[PDB]
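Have a look at the structure below, then the notes.
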Amino acid sequence: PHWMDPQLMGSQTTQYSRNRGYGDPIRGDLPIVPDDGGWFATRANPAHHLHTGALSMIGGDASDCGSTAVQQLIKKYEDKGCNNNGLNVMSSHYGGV
Amino acid sequence: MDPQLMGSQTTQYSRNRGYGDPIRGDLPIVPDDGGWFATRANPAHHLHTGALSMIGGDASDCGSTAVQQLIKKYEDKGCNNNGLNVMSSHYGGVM
Amino acid sequence: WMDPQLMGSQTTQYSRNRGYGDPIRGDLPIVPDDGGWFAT
Amino acid sequence: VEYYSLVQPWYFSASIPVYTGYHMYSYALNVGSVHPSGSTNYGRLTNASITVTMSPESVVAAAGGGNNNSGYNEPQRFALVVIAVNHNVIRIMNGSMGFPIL
Amino acid sequence: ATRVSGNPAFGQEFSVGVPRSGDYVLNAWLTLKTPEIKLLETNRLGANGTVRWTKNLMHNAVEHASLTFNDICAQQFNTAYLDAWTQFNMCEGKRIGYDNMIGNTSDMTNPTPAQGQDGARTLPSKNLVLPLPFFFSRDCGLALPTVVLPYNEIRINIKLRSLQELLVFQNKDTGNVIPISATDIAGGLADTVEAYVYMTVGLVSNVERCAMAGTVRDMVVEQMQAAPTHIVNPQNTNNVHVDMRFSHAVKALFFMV
Amino acid sequence: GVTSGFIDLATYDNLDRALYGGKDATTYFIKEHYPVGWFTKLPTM
Amino acid sequence: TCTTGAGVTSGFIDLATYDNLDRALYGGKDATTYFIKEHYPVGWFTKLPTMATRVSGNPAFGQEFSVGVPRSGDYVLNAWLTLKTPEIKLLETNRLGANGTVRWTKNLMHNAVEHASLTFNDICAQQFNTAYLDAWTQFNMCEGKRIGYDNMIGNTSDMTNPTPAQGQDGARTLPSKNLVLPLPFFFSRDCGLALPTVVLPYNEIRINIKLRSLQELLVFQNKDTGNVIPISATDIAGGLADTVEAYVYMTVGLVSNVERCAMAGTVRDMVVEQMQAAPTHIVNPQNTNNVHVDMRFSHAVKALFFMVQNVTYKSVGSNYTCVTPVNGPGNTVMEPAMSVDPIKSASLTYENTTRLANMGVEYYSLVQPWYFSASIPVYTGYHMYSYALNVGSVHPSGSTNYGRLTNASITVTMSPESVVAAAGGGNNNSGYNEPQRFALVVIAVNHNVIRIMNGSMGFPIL
């Protein structure tokens, strides 16, 4: 039952450096391993030097959802084979490169 | 007329596709059928696929879930002798 | 109490749609629409 | 008329109007409640009517001849309006919206 | 909101679509900027003529406001229903705010004499907001699954009223009202009006946003039914019988002459 | 737009997990409905 | 039939109307019914008021006094401060002479009560001031209690009525009546959140209140030109009473012995709401028409209350209008010819990502309070933006934590009325006769978690 327990009882969240602000809010910072040494080797901490981005929750394409279930549904549903009353249409792919 | 009949044309999206979310694609919904007040909408030109494929994708190297291991591995963690027991912020994202 | 009120049984009452029917000869016997989508 | 004007809003509403008119009769315990309360559907009911008896002030103001800055300097006309509020059910499935009861 | 049908003008009807990219739309309000009114010395009533905005500038000039899906008439509200609802279900504390935000500021309803008279006050020009009462705006638990409804087209149609009946032209002596004319006021009557529709959307985490997909959902909503108006002549008769006809489970009946 | 919505959705931490989140966390925009009794009322002298 | 006075058959035809649509709403074996209220037992408890013993000096205007919270109870759930105003007697020998009036400032309480803080041992857990008090009382005010609150805190049309000198027609004495201000705290927000004095035997609970000097509480107006100058001891008879008597009354509760020892020795987590104020920023509409303020907050903010406060005269307070009030007819204060909020439009930016565009001032003034609050302010100013569905609800709703958020900024566009009132040139009794100055204030309300264990409190997340 010491005095001033509340100040020393608990924990505080990590505080980020001013460099973290420049990171892309949507796309997380690229994972780059820091270097060490005694010659101009900055030992910056990625924990408060990297930005995780906003993609972590929105992305994932687990089973349904995302940009794969809709891809499969569109590919299955859109019709193929001749045109008859028309001039033929090709299937446009929405994949990445 | 041979050059005209040669080849095809790109798909024609309906005006409803322009109201969708451009960043993240809208949810895949199977259209209903029937002869009573049922619309046979075509998802191919009625849905928006979003942009979660060109910039998105959980790559082996890139990805927030790939930076997570780096952050945890290089985090000091434990209890320190010169601070106030800094707590590990957890990103996750499970609602 | 409540015996006079709950002893009886009221007669059926028809909707206003029946008032437009043919009095001399009745309407044709047709089954009604049943379903969970725009079904009366 | 004071019944609909004051007594009904006192019990089955969240407020009482501050102007003349606006007569209410509610079958539900709370008008503003989204959750359904007591109500009678008029589709199964046969024809229903409302009888209204008007005040002598209206009949003596319908004819003109009033002096200046009295409001009824000219003949006055009236029109009765009736509004009801009802519940309904909406079903969402297969990316479509529609009533399941029609 | 991206307007795609017509243009906002007094006396015309314009439609606005409800876009996706939200998850649950739960609030909609129409903002409209009133013009500048300046009485002229050439009015027919001359000195004995005053011009003032009508009572409930908003809740007027907005009638037959409808919400529809695809091409089916879904729900509608009008002036009398708006007045009854805002007179009966008004929450105290917000009453002053509403009676200041829908007009009725005692600066637009105060008569203004002509230019040559002692009172040369002009009717101020400002913008007013009317929150559209819809089933989704009634409660936070009722919201449109916009992502789950990609195969429809939600439309909101607003039909404004002409500027002729929005301005009361009173006579200072006999208390008579006559229709306004373009030459009565300076600058004419601007038929075009400046107005927009704003909506509030909600965003949710994907893990449940697309876990709620592919399901059937049921909602309970409230609509109105307005009987056609009946002309009443107290001179001939004192008692009037009016027969109604409604369909669904009526909750309450509002009436007034 | 919705980029700002994504930005302030991405702000998630331990306090946010303590307050919101969880598999059993009841969400808004979805109101459960339960049946009530069937009754009627009318004034009487 | 008959439909006599005691008629009941008319409802049977209404009951008969039940087919295919009311089956979904009513009916069912599991359907609940009205007219049968379920009764459940509750706890056994009593409550009574209790004086709080002073610990640091005596109350005095312009000074700070501290009072220790009375322990040995079971739960503390109300606290309020009562203070008796002095007696004001104008003198004909005042500096302003005949053309001079003295009156109490608008909102006498919420002024001379600032930096009201609650401390556990030697660490602060909550602190509020004038701006937060005004915003909260204008946005979360239950109707019917407005007149009572006005009588409690001043502006009762009697304290703030200008009084001319003794030799003039108006020689009324300003009454010396006691005023009561409830203290909004996390334990006072709801009865569910109450301080466990039985579970806190080791911590010491203290409340610090700092008053304001009497010089900056009396409006010394000029009768004709509407000029405000600081008051002096020789201006009024009897001098200035620097020392005043003030009491803090606190309500404590008691619980049954069965539950007093049942919950002893447990780890408890409580969710509370607190405030945090951005540093003031002087606004000069003459140079630039836009003003940007950086918001640097930490925890899960719930709403942001902002306004622009006229700061021309220190004597006048709670004036968020471009023109200061002046004396009017009938020895009553009246609003000047023009009285509008200096804010025209505002926007929010998240590091070059504008979350909220250049929306009009009427949005924050009317649309936001009408949807996500319990009341709409009746005075000009007091704009808000709430991330939560209901501000007044203690239960957490939608919110964002600024700790992981980058530098956020708020931008405001000035108004033509403010930019013309900033310079002088106003005529007599126009209010803006002298040049006007404005300042911008930003308030944030956020959530936090407090843990009780081992007979002590603390913040597990800091």
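Ordering of the structure tokens sets the chain letters (A, B, ...); residue numbers start at 1 within each chain; ligands are numbered from 1 in the order shown.
Near chain G, counting only C-alpha atoms at 8 Å, the chain A residues are residues 1, 3, 4, 5, 6, 7, 9, 10, 11, 12, 13 and 21 of chain A.
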Contact residues around residue E:72 with only C-alpha atoms at 10 Å, ignoring same-chain residues under 2 positions, as a count of residues only: 9
Residue hits in chain F, query chain E, radius 7 Å, only C-alpha atoms, as a PyMOL selection string: chain F and resi 5+28-31
Residues of chain F within 12 Å of chain A, counting only C-alpha atoms, as a PyMOL selection string: chain F and resi 2-15
Contact set, chain B to chain C: 10 Å, only C-alpha atoms, as a PyMOL selection string: chain B and resi 36-38
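Among the candidates A:24, A:35, A:79, A:61, the one nearest to chain E when counting only C-alpha atoms is A:61.
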